[PDB]
Amino acid sequence: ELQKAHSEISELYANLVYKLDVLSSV
Amino acid sequence: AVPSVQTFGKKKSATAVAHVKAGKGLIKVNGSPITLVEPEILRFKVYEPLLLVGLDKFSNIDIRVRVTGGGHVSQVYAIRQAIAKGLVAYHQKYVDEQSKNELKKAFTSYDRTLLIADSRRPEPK
Amino acid sequence: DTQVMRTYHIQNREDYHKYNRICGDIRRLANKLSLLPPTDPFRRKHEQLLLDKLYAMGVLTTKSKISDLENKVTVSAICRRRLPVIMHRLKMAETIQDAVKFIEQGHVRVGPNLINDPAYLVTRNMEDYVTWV
Amino acid sequence: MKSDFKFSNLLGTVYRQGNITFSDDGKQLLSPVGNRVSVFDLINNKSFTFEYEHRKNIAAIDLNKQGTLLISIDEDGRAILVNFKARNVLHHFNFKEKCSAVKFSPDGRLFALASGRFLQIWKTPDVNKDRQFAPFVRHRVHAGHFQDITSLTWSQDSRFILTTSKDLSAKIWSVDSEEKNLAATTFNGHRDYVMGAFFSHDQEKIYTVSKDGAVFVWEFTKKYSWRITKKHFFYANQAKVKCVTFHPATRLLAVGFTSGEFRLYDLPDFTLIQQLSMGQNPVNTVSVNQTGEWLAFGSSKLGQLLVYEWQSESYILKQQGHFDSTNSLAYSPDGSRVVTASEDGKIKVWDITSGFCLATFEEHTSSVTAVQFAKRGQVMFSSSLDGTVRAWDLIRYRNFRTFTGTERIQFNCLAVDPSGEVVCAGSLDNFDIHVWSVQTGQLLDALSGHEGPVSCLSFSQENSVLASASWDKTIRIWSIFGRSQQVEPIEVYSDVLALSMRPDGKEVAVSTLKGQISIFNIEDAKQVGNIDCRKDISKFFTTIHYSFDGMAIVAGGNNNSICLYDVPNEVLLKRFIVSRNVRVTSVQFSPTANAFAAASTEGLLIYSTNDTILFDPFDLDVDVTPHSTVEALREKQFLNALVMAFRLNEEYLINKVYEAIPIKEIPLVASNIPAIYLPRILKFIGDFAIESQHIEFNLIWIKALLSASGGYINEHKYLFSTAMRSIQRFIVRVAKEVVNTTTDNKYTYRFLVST
Amino acid sequence: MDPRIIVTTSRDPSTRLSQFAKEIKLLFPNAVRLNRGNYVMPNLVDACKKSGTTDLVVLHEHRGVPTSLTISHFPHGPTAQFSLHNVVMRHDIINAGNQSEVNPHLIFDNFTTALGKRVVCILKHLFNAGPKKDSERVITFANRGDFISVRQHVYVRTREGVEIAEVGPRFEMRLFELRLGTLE
RNA sequence: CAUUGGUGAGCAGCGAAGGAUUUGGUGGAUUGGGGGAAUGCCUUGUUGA
């Protein structure tokens, strides 16, 4: 439950990490 | 408008802005030619830009500089940097490059920092 | 909205539509991490992990707080990260449109690289490197 | 040198979208790429041809039945013809537009083009030369259609045409106006769009497939018409048929999808043999073996650049990678092995001199900015922007250490000692270079001496002096192994990005803040400064390298060429890369002194030093006939035979005059050779050694020649170091091969005494 | 972590300040003794930004109070000056016994950390020289208001008796000018 | 005092029965987030015809 919510946010976190790093090379 | 370039030459505190314009070969220091300088022994050190690449080289240009600041050793070291830098600046823009490559080769081989000013930055080791 | 496009002189309305989604990615992520009990060290650490990125991103120029994530995150903070917007601020340029045309005919050098892209994005810390030609 | 320098090979197999086809032999692999055309074989992968006349990015290639007629098709849609060696015998401008389908005749007589909305048949000539304004003569045209032809099948009779188009109709055309079955019968009744139509080689079965994965077979019957054989209704696949091909065994089907899988089918049973999903990236093209033993498939540029070979019994024959653009190269301590750095965050191993990719290493969090080895060979190193810098082994598969300890996201430049004891790393935004120990990884002292960011870190072979280039108009000299630090020189102009060093500790080249390239000594006296960069399709000076022989430097910017210079002022050569829309980002030289390196978005690597060009080393025609005088010197005077043999440069002579003389004469000739005839044959003998099977032969040569003038070649290094490398790699590679079988044959007879 | 100290004076030294500079020189492994040919350098920011040093200590003399001890953190730029009371004649000494790499215990007396906590921030940042973290000597900072005291002492123990040794030049100082430094 | 900026006049040299400057068209080559129900909808069950 609480462990499940960790998996939900972190997957959204890692893509959001990926998207801003694209804009860092822009 | 005449073909003309302007540069500068710097010692420790000496400032000497050059005016390398076209003409027939006047080379003056604030109103005055080279052979009147006094230090009078350091005249040969500012003779050097006439000498390291061949004497003539000047029948199409004119030289006028002026000095603010420094000391009598420092004032002469300021201009002789600016003469060699001021000379190649004409070859930078009007004359071909390979002539200027021949000038700087004759300059750098004997170079007493004719093309770079002194900056001192200490550090303990 | 429309005047925000007019003030910032953006090339495309879809460029405004991009950054709202990019803000929308942060905003629901700002929601879900905030929907936690306060005793969680997972919650307290990772808010700071998100904030400390966004300082160097230049969105959070000044030092900010937790509730400012809902507040200070705007599209216009991203719109200020554009190249000519940064160019007008440090006052080597003269107008907004003057900052545009120098990128157009190529008079801006950021560090060692020549850049002519109008959609170039500037961070908070890399901004010391913009040089003339 | 004075050689011709060009690419007879490249870096990376498939970087852009292309087709796929085998040869007729089954032992050759035709692997194209979007801009150029390169041909490969099965064993010992080598780039054969280089067809480049394209301004638009697609290519199509096939041979007729014997592999001497080869074409390529771009979106411009004109034809180039090479034999085996990229000659461009015929340059036949075919069209302004591209072609959708194209196929030879199986007899090699006719030729098939499908473009516009029509059909164009052209004459196929035999093995000949040029002299033709139009070598292609129209045989027939076939009109009309409704729209563009999407796929094509032929006949073994070479008189029948079964085709299909976008109009969901399988039209029929006679080749020689025979009117076979007197009709142009279109096959219809399809629920969805027809992707592929294929004709079975029994002249009995008609294969049709649609895009819903439904297969319909119709009969060769023209009551009296073509009736149904089999129908299909699949509604559970939820995919789209991307590519489809038919087997010459006429028993199987091989189906490629948009979903990133590959499905196997049998034709009379309509059963799934096996499906193979390896991801979501789609399979673009597919090719079949001419007997159907091995299965290969091409893929998109946005999808995978990874093509895997297969069998009928489900096991991979050959694998390959080649992800995105190359950031740097690094030469192995033997030089035959090539590692790659890319934007993905992977490092890949490539013996691309034989084409093989043995393994890779993948521990990165972000891209790699540089790659570099250590000359011991035990360890190589990773220079990335991951926040750490990690050490690596060759074949033992263990990351030794990840070197870090400060908060840092950008590690740009790097240098090591040749001993491998200490490693120094230059942080980009932090003005500090960090030393790290080989023992544990200790940060003993931190060096805050910078005011601009670092740009290059280069350490010498003298092993006392560290050279550094920073972005503050100041060149930096450093001493660690002594008791102090050295006063760093002040540059005249030019914030420097690119720095280059001599492995003697005496010569140093700097790239200026423009296209000028200036070089100077350790007593900072400027030797040359090289003129700015030309070549409009603004200035770049990004990479530079001092060659290993010590007689040249190579300069690289990003204006789509490369520049060559010697120790005097002048340009050696300027080699321009012809390509349509930065190019260069890393340049260094090969330790075997046959080529050098180039990192690019494209990927291209070798510079092809050759011997077919006639040279005059020592006034050749004083030795008047190159044959009869040699045949005189094979009977008598074996000393003068080799002195005459070095003045010639025909390899068909060198093997025979080098072969002919006996064993006892070899130390005598090794005793009496002059030292000026020496370095080119000692250079050549190492590369010549790896190919032949006469190992004891050259072994007794190199013992006498190696024992001959060891003090002189010890006196004349930086050339016999390279020739020494070129022979020592052959030495260790044969050595570790024969010692193992020597012991494994050795223990046998004592084991016979055991039991 | 550990600071970096530069000793900088005017051109001409006096012996009553030469011995005093050598006691400040006894703050190694990070204290460099540098005599300049100029009274002050206009490029003091330049070398400390170049070398990466953390602190600069400058000595001079004026009239309103006696001579001062100027201490300034380089990455912060504050100004903390310390009026020296005893500059008359110190001991001629460069060392006695051990090294200055020893980390002593820090003892403060007459606690003022309302506004004198800034002094507590500096002296803990100053006299943390020594990563030894084991006491073999000790330096006491006794206050009498704006008065400060600096004394060096060594642990002397025999037959269970805690004895200190008044070692080094004995220092009497008063808080001179604190100019408000920057967060920059 | 600085052939210092602009303006105008004249001469040497260079060419001699014209010169210098600008512009147009045509021809070829080349290039979205957070909440939401009375009410609309979706899905499931239910009621009889």
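We're sticking with Swiss-Prot numbering for chain B, so the shown stretch reads 3-127, in order.
So how was this one determined? The header says electron microscopy, 8.7 Å.
Cβ coordinates are placed from backbone N, Cα and C, and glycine is handled just like the others.
What Swiss-Prot annotates here:
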CROSSLNK  B:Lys30  ubiquitin cross-link
CROSSLNK  B:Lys47  ubiquitin cross-link
CROSSLNK  B:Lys59  ubiquitin cross-link
MOD_RES   B:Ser34  phosphoserine
MOD_RES   B:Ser61  phosphoserine
MOD_RES   B:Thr70  phosphothreonine
MOD_RES   B:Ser76  phosphoserine
Requested in this report: Count the other Cβ atoms sitting within 10 Å of the Cβ of B:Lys30 (ubiquitin cross-link), across every protein chain shown.
Outcome: 14
Query raised in the report: To the nearest whole angstrom, what is the C-alpha distance linking B:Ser76 (phosphoserine) and B:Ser61 (phosphoserine)?
Result: 29
Report summary line: recorded positions B:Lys30, B:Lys47, B:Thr70 vs B:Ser61 (phosphoserine), shortest C-alpha separation belongs to B:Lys30
Query raised in the report: How many Å separate the Cα atoms of B:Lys59 (ubiquitin cross-link) and B:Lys30 (ubiquitin cross-link)?
Result: 16
Query raised in the report: 10 Å Cβ neighbour count around B:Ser34 (phosphoserine)?
Result: 9
Report task. To the nearest whole angstrom, state the Cα distance for the pair B:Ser34 (phosphoserine) and the residue listed as 'phosphothreonine'. Result -> 15
Report summary line: Smallest number of other CB atoms within 10 Å: among the modified residues B:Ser61, B:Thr70, B:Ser76, that is B:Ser61
Report summary line: Per DSSP (helix/strand/coil reduction), B:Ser76 (phosphoserine) sits in helix
Query raised in the report: Quick one: Cα separation, B:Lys47 (ubiquitin cross-link) versus B:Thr70 (phosphothreonine), in Å?
Result: 20
Query raised in the report: To the nearest whole angstrom, what is the C-alpha distance linking B:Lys30 (ubiquitin cross-link) and B:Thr70 (phosphothreonine)?
Result: 15
Report summary line: B:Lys59 (ubiquitin cross-link) has its Cβ surrounded, within 10 angstroms, by a count of other Cβ atoms equal to 14
